[PDB]
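See below for the structure under consideration.
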Amino acid sequence: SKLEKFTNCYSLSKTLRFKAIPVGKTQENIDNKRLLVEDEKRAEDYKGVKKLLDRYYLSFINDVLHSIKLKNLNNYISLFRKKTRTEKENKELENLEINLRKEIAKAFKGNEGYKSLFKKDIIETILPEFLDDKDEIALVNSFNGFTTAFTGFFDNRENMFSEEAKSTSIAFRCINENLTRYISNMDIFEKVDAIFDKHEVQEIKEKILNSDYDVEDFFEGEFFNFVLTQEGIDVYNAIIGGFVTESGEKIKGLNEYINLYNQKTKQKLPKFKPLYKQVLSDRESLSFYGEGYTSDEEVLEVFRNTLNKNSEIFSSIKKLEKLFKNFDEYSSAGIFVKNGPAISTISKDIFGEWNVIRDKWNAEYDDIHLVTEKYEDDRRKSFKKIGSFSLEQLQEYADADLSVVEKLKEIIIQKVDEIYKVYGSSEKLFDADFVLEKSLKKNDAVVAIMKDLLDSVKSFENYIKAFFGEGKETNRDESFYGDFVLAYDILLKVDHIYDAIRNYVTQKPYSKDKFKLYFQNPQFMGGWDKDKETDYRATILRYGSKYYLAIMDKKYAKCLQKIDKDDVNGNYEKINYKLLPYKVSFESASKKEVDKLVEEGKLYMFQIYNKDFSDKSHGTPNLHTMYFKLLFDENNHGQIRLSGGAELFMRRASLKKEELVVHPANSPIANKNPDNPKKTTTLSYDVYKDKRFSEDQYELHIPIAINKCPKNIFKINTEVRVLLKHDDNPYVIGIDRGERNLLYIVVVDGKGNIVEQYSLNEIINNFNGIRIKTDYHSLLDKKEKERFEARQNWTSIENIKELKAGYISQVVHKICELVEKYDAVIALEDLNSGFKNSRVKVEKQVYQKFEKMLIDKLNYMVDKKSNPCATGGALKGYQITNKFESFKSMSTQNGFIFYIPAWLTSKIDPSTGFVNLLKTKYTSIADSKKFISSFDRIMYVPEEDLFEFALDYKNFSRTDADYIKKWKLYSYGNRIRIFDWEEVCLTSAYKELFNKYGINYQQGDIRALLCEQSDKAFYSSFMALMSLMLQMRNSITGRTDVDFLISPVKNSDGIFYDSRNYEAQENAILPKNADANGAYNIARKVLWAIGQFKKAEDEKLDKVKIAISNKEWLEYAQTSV
RNA sequence: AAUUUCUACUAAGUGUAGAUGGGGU
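Residues 2 to 371, 377 to 587, 678 to 1075, 1085 to 1226 (the deposited numbering) make up the first sequence, in order.
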């Protein structure tokens, strides 16, 4: 078995969360001794103390830099963009810059206690000394011994600034994007001195700190000399950003001065942009990061009401793009446009089709470099190398009088028009006394209003983002860039406010906020060492079927160890974990004495509880529940062991029993699964909505660690390759999405014969023998019908995403069993390549999550029902996958998950192999005549009313991919022309096309007459009917059941493949539908790969490209069948 | 419409079928 090999490979750890319920008098005892209000108090002061800690971190940035500020290595970064050195703009920049990130590191790094500021010591001594306010000092010392709480904050705020740039460091907005706004400062002032006079420059030169007596380092050109990270970033922005004197004197910086020339006398006045500084407080992450949003009226939206910054800059960007026309006179080339995902949309918006830009550039590439297979990839990579497409360069890839610039201007202006349209519909929410009616999460009208405006602005942001380029260019129009970039900086503010309100409304009715329970002990539950039972003061107890958590406290931290054996009692077995957090002994302790302690105030026993610990629990337990019981089982011999550090938190009541939705006792309870025969239930009791969140839970997040001692450690990919070579029959699960099925699975064997083809739209949940199915596809449809109304409210999309994530969890199970029963490599798609968009099913994001959860599941692949110690069982999960690295590491193979490009796997005939490799779109009469002419022989075969189109695929364009190169295209059978559909019979329509135009089809080879036709519209319909002939997947938009494939070519037995012939059959041998074909050939593209492993050498099975190009495909697809 | 938590549920009557690494910014 191929799967069996992969066990005990790596070692992941996990955290089985659970709940604990205060058994005995624990709750009252905790309350008597106020054992948890200090944990609560600290957790309400976390933020407060974080701010104080950050003040010391900001003084570190200040003082250290203030003194050590000479830009060490590169003089004062004088050679920054001076004259090109060895290698133009290559080493010239790169090296100078990287010595730059160390110029800053050295300053900090080894100072007066880097580790005295970034470890426990700060809040204990250094921070109290830094402060002086009694309240603040006491707050900081109340958060002492308790720095194991600020650990994450420490690391974040320390490792973000080192000898690197980018990321979120000082160098970034310290030497990288800081010097872009700097640089023109201490040399050839020149251009910027248009004004800069006695009433201007001299006035401000006396106002600023007289260390910089004159302006010197302020405007000019070439190199710079001041600020760095800290000297007062505001010092540079005193004239560059403007610093109005408190007295009243209007000091207008130095750039805030140009505006008297930059815009008043009109120009671009050499940039001079406001210096960037440390993100948020100290180089954090987002500068707009804020909290709040806890109540329905917590802030009436910072957007025009409580966020006027945003509203201001939509107008600013709008004016800047309305100045695009005079920026043509300035520097149209200077404005760039990032090549990427936006470039296709840009093409459509400006020119008309999504591929104008691409193809125009590809044509120019052909002029200078030449299509074939490898030439496609040459063009591809080189287009990916381009990162900006100047505006005038895009005008060259134009059409006619189409002005790329002006078309962009118009489209992007109408984008803000959309914003303002919804700003007029949100006036109610923006009015001072907004009458809040039914909450906010229940006020779907308000949700919609919010969403609409928030997303209108968000869309403009993403559209105008591109008008940036790659930043690192040359002739950047400085009348555009600079002014535009300032406004855009703010229009990035919306992102946060959108997220805030979205996440408020999409919020659950309850809350899962917890506070770490230290119980007056910073070292609480941090281990399970037998020898140290009084250090962390915690042990897992066991009352036979129940599981507990004993936690002794301060003045009685060793009580249990004295009074153990209760002999003839129930004995809450103390854990005798003699191994390190498998020696899972369980010392039978006390019962009467354990409970005695709980009632007194000594112990604080809690109960570990999952729904599968009830006596009323009827069926299969959860996997985590299983793992938990298995930690303390005899079977676990070192698989799932303890990791140490149970984080007991405390989730309070977010809801109250009285305001929950009840299903009164003895009243028939309607069942909501359409496929439930036993509709209605009538329960003897009541059932409330979310009763666990209406009470107080004590979340015990027990860390556990799977396979910490791996025996069979090997590289997974190479071992998969070896296994997929020595096998006689490599089955491939083959998973494609699809429109009719959500995740159609076509298991295909080692010869390409369909073994199974079932849509996983229905999950047949098997409980007590009875298999009640759930049409997740129909559920999706009903959820999408809810989405249809109220403009896809935020919650409806969340519900779809969550149902799709719960579906994903369900397909993960099914695929796991499919893989297990067939020993089959999945054949998922490399999602970093091309794009399936037709699928009205699992999307890219959800399939990426699917394959992440397949490689997270495939790390410890476990089916619940299987016996724990058998393969596939709880402690023998298959490690057939890798370990999720990134979403871009999902590109080749991650074990039993070959990511194959999904190119032409669905629109290919599964019987012959024919792929339409020919563009059959009527361009001009001549194009189709050459098309018609390149056919070997077009005859009407009246025998079987057909129109044979013998063709040479070696005599065509972009067709090097093919293999047979000689196909006869008989117009036969029925096509569904989706224009919204018509079922056009091919032969009949062609007979009638030829009858109408006078083309006597009854003339043997009539190709000459077809090319003879002088009517333009003849070929139009001719080429469109030819397109239909070649179209294989044919399905009526909507009606599920007409999913058929139809070949224009006959096979070796003369039959034209029909999917509808096979859809009637249960054991079909060829795809029974369109999406089945897809999964069939995705399991066949992986099949080319498997053949490649038996065609490549064993020791060489590692670099065998599994990347199947379309030329080794369309060969095999046209030759094995 | 019950849940360690999530999704679908009622699924044989206080539950069921799957999945579930979480902890700090």
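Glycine included, each C-beta is placed from N, C-alpha and C at the ideal position.
CB-CB length for residue i against residue j, believed under 8 Å
{"i": "residue 871", "j": "residue 771", "result": "6 Å"}
{"i": "residue 279", "j": "residue 174", "result": "7 Å"}
{"i": "residue 286", "j": "residue 169", "result": "6 Å"}
{"i": "residue 234", "j": "residue 256", "result": "About 15 Å separates the two Cβ atoms, so there is no contact after all."}
{"i": "residue 10", "j": "residue 809", "result": "6 Å"}
{"i": "residue 345", "j": "residue 479", "result": "Residue 345 to residue 479, Cβ: 21 Å. No contact."}
Nearest-angstrom Cα separation, counted from residue j out to residue i
{"i": "residue 228", "j": "residue 245", "result": "20 Å"}
{"i": "residue 432", "j": "residue 798", "result": "47 Å"}
{"i": "residue 91", "j": "residue 463", "result": "38 Å"}
{"i": "residue 574", "j": "residue 55", "result": "58 Å"}
{"i": "residue 848", "j": "residue 1217", "result": "16 Å"}
{"i": "residue 554", "j": "residue 17", "result": "15 Å"}
{"i": "residue 782", "j": "residue 762", "result": "8 Å"}
{"i": "residue 723", "j": "residue 685", "result": "24 Å"}
{"i": "residue 49", "j": "residue 43", "result": "10 Å"}
{"i": "residue 1081", "j": "residue 920", "result": "Along the chain, the last residue before the gap is 1075 and the first after it is 1085, so residue 1081 carries no coordinates."}
{"i": "residue 983", "j": "residue 207", "result": "56 Å"}
{"i": "residue 1106", "j": "residue 1036", "result": "6 Å"}
{"i": "residue 971", "j": "residue 557", "result": "29 Å"}
{"i": "residue 688", "j": "residue 566", "result": "11 Å"}
{"i": "residue 435", "j": "residue 294", "result": "15 Å"}
{"i": "residue 1202", "j": "residue 719", "result": "41 Å"}
{"i": "residue 421", "j": "residue 1101", "result": "48 Å"}
{"i": "residue 934", "j": "residue 104", "result": "53 Å"}
{"i": "residue 180", "j": "residue 196", "result": "24 Å"}
{"i": "residue 96", "j": "residue 132", "result": "41 Å"}
Selection from the options that minimises the alpha carbon distance to residue i
{"i": "residue 12", "options": "736, 291, 1164, 1017", "result": "736"}
{"i": "residue 71", "options": "35, 225, 92, 364", "result": "225"}
{"i": "residue 442", "options": "296, 334, 91, 1059", "result": "296"}
{"i": "residue 796", "options": "84, 764, 706, 4", "result": "706"}
{"i": "residue 998", "options": "1182, 397, 103, 249", "result": "1182"}
{"i": "residue 1136", "options": "203, 561, 1065", "result": "1065"}
{"i": "residue 1075", "options": "1009, 479, 1142", "result": "1142"}
{"i": "residue 455", "options": "956, 485, 430", "result": "430"}
{"i": "residue 1206", "options": "922, 974, 818, 1119", "result": "818"}
{"i": "residue 1113", "options": "477, 1025, 416, 926", "result": "1025"}
{"i": "residue 379", "options": "452, 1215, 498", "result": "1215"}
{"i": "residue 144", "options": "133, 160, 121, 161", "result": "121"}
{"i": "residue 825", "options": "851, 814, 833", "result": "851"}
{"i": "residue 65", "options": "1033, 108, 580", "result": "108"}
{"i": "residue 879", "options": "860, 899, 864", "result": "899"}
{"i": "residue 1161", "options": "537, 519, 1070, 187", "result": "1070"}
{"i": "residue 1095", "options": "35, 957, 1042", "result": "1042"}
{"i": "residue 319", "options": "1014, 75, 489, 83", "result": "489"}
Pair within 9 Å by beta-carbon distance, residue i and residue j
{"i": "residue 702", "j": "residue 744", "result": "yes"}
{"i": "residue 351", "j": "residue 475", "result": "no"}
{"i": "residue 1138", "j": "residue 1150", "result": "yes"}
{"i": "residue 53", "j": "residue 78", "result": "no"}
{"i": "residue 1072", "j": "residue 1140", "result": "yes"}
{"i": "residue 854", "j": "residue 841", "result": "yes"}
{"i": "residue 758", "j": "residue 775", "result": "no"}
{"i": "residue 486", "j": "residue 328", "result": "yes"}
{"i": "residue 1053", "j": "residue 357", "result": "no"}
{"i": "residue 974", "j": "residue 950", "result": "no"}
Would you call the stretch 543–560 and the stretch 514–532 touching, i.e. three or more CB-CB distances under 8 Å? They touch, by the three-pair rule.
Are at least three pairs of beta-carbons, each pair with one atom in the stretch 1180–1197 and one in the stretch 993–1009, less than 8 Å apart? Counting Cβ pairs under 8 Å, three or more are found: they touch.
Is the stretch 485–503 close to the stretch 307–315, with three or more CB pairs under 8 Å? Between the stretch 485–503 and the stretch 307–315, the count of C-beta pairs closer than 8 Å reaches three or more; the two stretches touch.
With a cut-off of 8 Å, do at least 3 Cβ pairs link the stretch 145–155 to the stretch 183–202? No: fewer than three Cβ pairs fall under 8 Å.
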